[PDB]
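K.L.:
pasting the first chains of the complex, positions unchanged:
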Amino acid sequence: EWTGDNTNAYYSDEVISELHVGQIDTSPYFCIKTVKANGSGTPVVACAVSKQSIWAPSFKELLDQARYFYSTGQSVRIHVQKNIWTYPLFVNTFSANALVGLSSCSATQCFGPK
């Protein structure tokens, strides 16, 4: 598996606008919400769960990187894998998107798979 697999979706020129930290089924997790830097489009929500999914090994790094980009407010490309989380109240509150990557974005391109 790879962040850049074409079965993963991504959204460019986003800003991380919200951050949540909690626990579910003995596992710490976090979620983020991102919106287009230019105000257009629909927000993206994605979560990472510490002991769950194939993306579990990157939990800490993604959390640190999410925090980093959240704090700078810079434009980023967010990479997700859809339909991963299954607990209905959790999905309803957040989404079924697994966070699988974060790339910085300049004015022209983003530094990551496309």
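P.N.:
Good, I have the coordinates. Numbering: from 1, shown residues only, chains lettered A, B, ... in the order given.
K.L.:
ok but residue A:70 is inside a strand, no?
P.N.:
No. Applying DSSP: H, G, I helix; E, B strand; the rest coil, one finds residue A:70 to be helix, outside a strand.
K.L.:
enumerate every residue touching the residue lying closest to residue A:18 once chain neighbours are set aside.
P.N.:
Leaving aside its sequence neighbours, residue A:18 sits nearest to residue A:33 (CB to CB, 6 or more residues apart in numbering; 3.9 Å). C-beta here means a position set from N, CA and C on the backbone, and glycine is covered the same way. Contact partners of residue A:33, counting by CB atoms under 8 Å, 6 or more residues apart in numbering, are A:16, A:17, A:18, A:19, A:43, A:44, A:45.
K.L.:
any quick PyMOL command for the buried ones out of these?
P.N.:
To isolate the buried members of the contacts of residue A:33 in PyMOL, using 16 or more other CB atoms under 10 Å:
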select buried, chain A and resi 16+44+45
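K.L.:
in a markdown table, list the contacts of residue A:33 along with distance to residue A:5.
P.N.:
Below are these laid out as a markdown table (distance: CB to CB, whole Å):
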| residue | distance to residue A:5 |
| --- | --- |
| A:16 | 22 |
| A:17 | 26 |
| A:18 | 26 |
| A:19 | 25 |
| A:43 | 23 |
| A:44 | 18 |
| A:45 | 20 |
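K.L.:
before we move on, what SS does the residue nearest to residue A:18 have?
P.N.:
Following three-state DSSP, the label given to residue A:33 is strand.
K.L.:
build in chain B:
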Amino acid sequence: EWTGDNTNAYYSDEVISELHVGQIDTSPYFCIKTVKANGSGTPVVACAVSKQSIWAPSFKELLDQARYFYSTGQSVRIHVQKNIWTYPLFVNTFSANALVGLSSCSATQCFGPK
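P.N.:
Putting chain B onto the chains we already have gives this:
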């Protein structure tokens, strides 16, 4: 179990106004005090204990997140489970509230379970 379980309480648009770090029964712990952003109502106190309760696995993440929100002074939603801590002097100093989650808040809603 989940941060968003309806058996948990939450308080929106709070600002973390105090932070304490210590140890009890071989376990590091931290507590925070939060107050409504507009100054109304009564303060919320909640603690996380590294080797105690079902919320133990999230100790580090919660600590880190609390620190962050404490440093920015931003409005957040705090999620707690009541009546968890039992050492009477501890409870009297702080509270019996276990900290189980922290969410950023926009101007309208908070990014977390409700």
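K.L.:
same as before for the contacts of residue A:33, with chain B this time.
P.N.:
By CB atoms under 8 Å, 6 or more residues apart in numbering or on different chains, residue A:33 lies in contact with A:16, A:17, A:18, A:19, A:43, A:44, A:45, B:111.
K.L.:
skipping its backbone neighbours, what lies nearest the first one in space?
P.N.:
Right, residue A:16. residue A:70 (4.3 Å; CB to CB, 6 or more residues apart in numbering or on different chains).
K.L.:
how about the contacts made by the one you found?
P.N.:
Residues in contact with residue A:70, defined by CB under 8 Å, 6+ apart, are A:16, A:19, A:32.
K.L.:
pipe the residues you listed into TSV and attach distance to residue B:38 per row.
P.N.:
Shown next, in TSV, are those (distance: CB to CB, whole Å):
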residue	distance to residue B:38
A:16	26
A:19	23
A:32	27
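K.L.:
just those now: which is nearest chain B?
P.N.:
For the contacts of residue A:70, the residue nearest chain B by CB to the nearest CB is residue A:19; the value is 4.9 Å.
K.L.:
still on that earlier bit, can you put the contacts of residue A:33 in TSV and add distance to residue B:58 and secondary structure?
P.N.:
Below are those laid out as TSV (distance: CB to CB, whole Å; DSSP: H, G, I helix; E, B strand; the rest coil):
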residue	distance to residue B:58	secondary structure
A:16	21	strand
A:17	23	strand
A:18	19	strand
A:19	15	strand
A:43	25	coil
A:44	24	strand
A:45	20	strand
B:111	17	coil
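K.L.:
possible to save these as a markdown table with distance to residue B:25?
P.N.:
Shown next, in a markdown table, are the contacts of residue A:33 (distance: CB to CB, whole Å):
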| residue | distance to residue B:25 |
| --- | --- |
| A:16 | 38 |
| A:17 | 40 |
| A:18 | 36 |
| A:19 | 31 |
| A:43 | 43 |
| A:44 | 43 |
| A:45 | 38 |
| B:111 | 34 |
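K.L.:
here's chain C, add it to the model above:
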Amino acid sequence: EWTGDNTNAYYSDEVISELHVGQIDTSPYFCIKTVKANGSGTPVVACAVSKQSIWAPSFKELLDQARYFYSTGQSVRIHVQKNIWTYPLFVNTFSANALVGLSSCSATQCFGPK
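P.N.:
Adding chain C to what we have so far:
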């Protein structure tokens, strides 16, 4: 044992004015010096030593918290247990106080055991 045990001493409205990191007898350690915010009184010196004393489990958290409070220079309450470190040159340079807790002192009285 608890940070708030009445056999521990504490000092309110202090500012962390110095920070030292080193190693002794296979253990990383840190020490802090605190002084009254208003300039009065005598400095307090306290140390935490990795894997040494009953307070060992909280080393990391205390180190991080000391660093945080050191960087903001905010008013704090420092909690110590006296007569713990015994290595004489170490005690002479710093003190025998084990650092066992740190509390913020912003709004009302300090946020910790009293």
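K.L.:
once more for the contacts of residue A:33, now including chain C?
P.N.:
The contact partners of residue A:33, by CB under 8 Å, 6+ apart, come to A:16, A:17, A:18, A:19, A:43, A:44, A:45, B:111.
K.L.:
what residue is smack in the middle of chain A?
P.N.:
Geometric centre of chain A, nearest residue: residue A:99, 3.5 Å, by CA atoms, centre = their mean.
K.L.:
could you tell me whether residue A:66 really is in a strand?
P.N.:
No. Under three-state DSSP, residue A:66 sits outside any strand and is assigned helix.
K.L.:
ok, it touching residue A:31?
P.N.:
No. Assessed by CB atoms under 8 Å, residue A:66 is found out of contact with residue A:31, at 9.1 Å.
K.L.:
spit out the residues that contact these two alike.
P.N.:
A:19, A:48.
K.L.:
residues near whichever residue of chain A sits closest to chain B, how many?
P.N.:
Residue nearest to chain B within chain A (CB to the nearest CB): residue A:22, separated by 3.2 Å. Per other CB atoms under 10 Å in any protein chain shown, the neighbour tally for residue A:22 reads 30.
K.L.:
give the contact list for the residue nearest to residue A:86 when sequence neighbours are not counted.
P.N.:
Spatial nearest neighbour of residue A:86, chain neighbours left out: residue A:96 (7.1 Å); criterion: CB to CB, 6+ apart. Counting by CB under 8 Å, 6+ apart, residue A:96 touches A:82, A:83, A:84, A:85, A:86.
K.L.:
next: residue A:18.
P.N.:
A:31, A:32, A:33, B:103, B:104, B:106, B:111.
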